[PDB]
């Protein structure tokens, strides 16, 4: 394998962390290949759940808890901390809130969150590498509580970063918020990619194509499929009670991605940096509820 950049995996990984049996587990947790029966049984549909009041409550709860866990991780971002150390703290924080870390054994994914550094686009595997001054790192938190998943991520600065990092991360956040600001009943899912790419391109950045936002609730990913690039073919129309993510991945260079031999880590083919932000959203009649929002600050962590 030829690496696309400077980053390398730092093995071995610490042994898999167990989750006490009293925490309720999603179906894939105990599947030998981490496949999800319940996702399989809805594999290939494009019908979008309209959430019940019970569902809405379940999604508010897990999404609030997911935010608390991201906030734990955010508190640890500094030079010298390894992504495995972050993942360990995330693992314990999920358990402390009676949640299962959704990534863990999802299709045999080995860790309890995704940590994506620099040229990693998404799905980086926490490992023994200490963060370096100048890095950018995304932590993507998914929790499972009482049958529901919630999903968010932020990109963070590790110490002082260069002007390119500041611009990439600011622009990515702007793309997310512009997309969120358009969400409301009657809007086509395919429209969000138009808004995102327009802002990305205006700032000299490209938009990852191979990864999309997604429905989420009792399934970790389901309809709708939500591309972040212009003139996509996404199917469907937003309706009150829809819940899905918007999670744009923006790149300094080209949009092309490839996967490491680990089968998870997605990287820019050119080795240039990529940043991401994600919220889980619930479509309401005036617009949407940002289920994963910060409650105690107006702004994401990187603006500190």
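Numbering follows the first chain given and starts at 1.
Taking only CA atoms, the mean B-factor in the PDB entry is higher for 227 to 235 than for the other of 227 to 235 and 206 to 214. Look at the mean CA B-factor for 115 to 123 and for 129 to 137 in the entry; the higher one is 129 to 137.
Looking at 45, 265, 245, 268, the one whose CA carries the top B-factor in the deposited record is 45. The residue among 68, 257, 278, 37 whose C-alpha carries the highest B-factor in the deposited model is 37. Looking at the C-alpha B-factors along this chain, the one for residue 60 belongs to the middle third. Remark: residue 272 belongs to the middle third of its chain, ranked by C-alpha B-factor as recorded. Remark: residue 162 belongs to the highest third of its chain, ranked by C-alpha B-factor as recorded.
The entry lists a Cα temperature factor for residue 222 that places it in the highest third of the chain's modelled residues. In this PDB entry, residue 91 carries a Cα temperature factor that places it within the lowest third of its chain's modelled residues.
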